[PDB]
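Novice: Okay, handing you the structure first.
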Amino acid sequence: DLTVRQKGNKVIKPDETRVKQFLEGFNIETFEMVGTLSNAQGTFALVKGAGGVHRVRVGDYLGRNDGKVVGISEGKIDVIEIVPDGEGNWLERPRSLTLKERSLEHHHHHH
């Protein structure tokens, strides 16, 4: 196992050597929280994307921004994603994925 603590930023640039997951090739926002599981085994999160279903728990990663799992609720999932600062450096991006539901929004320019 490994510690999940982090002070400041300690962010790093993306590479073509790190773990290459099928879901890691798609945006983190494109995904939509489907459900959540909680039992003796622990707390897992169910999300849909890339034309399929995926399951990850605290510690795992998802999205091209390596969205790490930090929080898992019944109606929202807290995860830390990596995003650019605007010059070249990266930074942490705490985003919460709420359970899928009726909604709508336009698309973003920068991907």
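Ligands are numbered from 1 in the order shown, chains are lettered A, B, ... in the order of the structure tokens, and residues start at 1 in each chain.
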Please give the complete set of residues from segment 20-100 of chain A that DSSP, run on the backbone, assigns to strand (DSSP E), formatted as a PyMOL selection string.

Specialist: chain A and resi 32-39+42-49+52-57+61-62+67-72+76-84+90-98

Novice: So that I can see what lies close to residue 37 of chain A, please list as a list in words the residues with an atom at most 12 Å from it, counting only C-alpha atoms and leaving out residues fewer than 5 positions away in the same chain.

Specialist: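 In the requested format, the answer is residues 42, 43, 44, 45, 46, 47, 55, 56, 57, 58, 72, 73, 74, 75 and 77 of chain A.
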
Novice: Rounded to one decimal, what separation in Å do you get between atom CA of residue 27 of chain A and atom CA of residue 82 of chain A?

Specialist: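 Atom CA of residue 82 of chain A lies 11.1 Å from atom CA of residue 27 of chain A.
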
Novice: Could you tell me which of A:20, A:10, A:102, A:64 comes closest to residue 90 of chain A if we count only C-alpha atoms?

Specialist: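 Among the listed residues, A:10 lies closest to residue 90 of chain A.
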
Novice: With a distance cut-off of 6 Å and only C-alpha atoms, select the neighbouring residues of residue 68 of chain A, excluding the residue or stretch itself and same-chain residues fewer than 4 positions from it, and output the selection as JSON, numbers by chain.

Specialist: {"A": [59, 60, 61, 79, 80]}

Novice: Would you export the selected residues with N, CA, C and O atoms as a PDB file, in the first residue's frame, please?

Specialist:
```pdb
ATOM      1  N   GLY A  59      -8.655   5.995  -4.244  1.00  0.00           N
ATOM      2  CA  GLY A  59      -7.291   5.669  -4.616  1.00  0.00           C
ATOM      3  C   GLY A  59      -7.128   5.472  -6.110  1.00  0.00           C
ATOM      4  O   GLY A  59      -6.118   5.874  -6.690  1.00  0.00           O
ATOM      5  N   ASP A  60      -8.123   4.853  -6.735  1.00  0.00           N
ATOM      6  CA  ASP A  60      -8.085   4.603  -8.172  1.00  0.00           C
ATOM      7  C   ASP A  60      -8.075   5.913  -8.951  1.00  0.00           C
ATOM      8  O   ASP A  60      -8.206   6.992  -8.373  1.00  0.00           O
ATOM      9  N   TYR A  61      -7.918   5.813 -10.266  1.00  0.00           N
ATOM     10  CA  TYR A  61      -7.888   6.990 -11.125  1.00  0.00           C
ATOM     11  C   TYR A  61      -8.850   6.834 -12.299  1.00  0.00           C
ATOM     12  O   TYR A  61      -9.208   5.719 -12.680  1.00  0.00           O
ATOM     13  N   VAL A  79     -13.196  13.632  -6.519  1.00  0.00           N
ATOM     14  CA  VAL A  79     -11.978  13.143  -7.154  1.00  0.00           C
ATOM     15  C   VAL A  79     -11.059  14.294  -7.544  1.00  0.00           C
ATOM     16  O   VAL A  79     -11.523  15.379  -7.897  1.00  0.00           O
ATOM     17  N   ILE A  80      -9.755  14.051  -7.478  1.00  0.00           N
ATOM     18  CA  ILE A  80      -8.770  15.068  -7.826  1.00  0.00           C
ATOM     19  C   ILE A  80      -8.216  14.840  -9.229  1.00  0.00           C
ATOM     20  O   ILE A  80      -7.577  13.822  -9.496  1.00  0.00           O
TER      21      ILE A  80
END
```

Novice: Which residue gives the smallest distance to residue 110 of chain A among A:84, A:71, A:63, A:35, with only C-alpha atoms counted?

Specialist: A:84
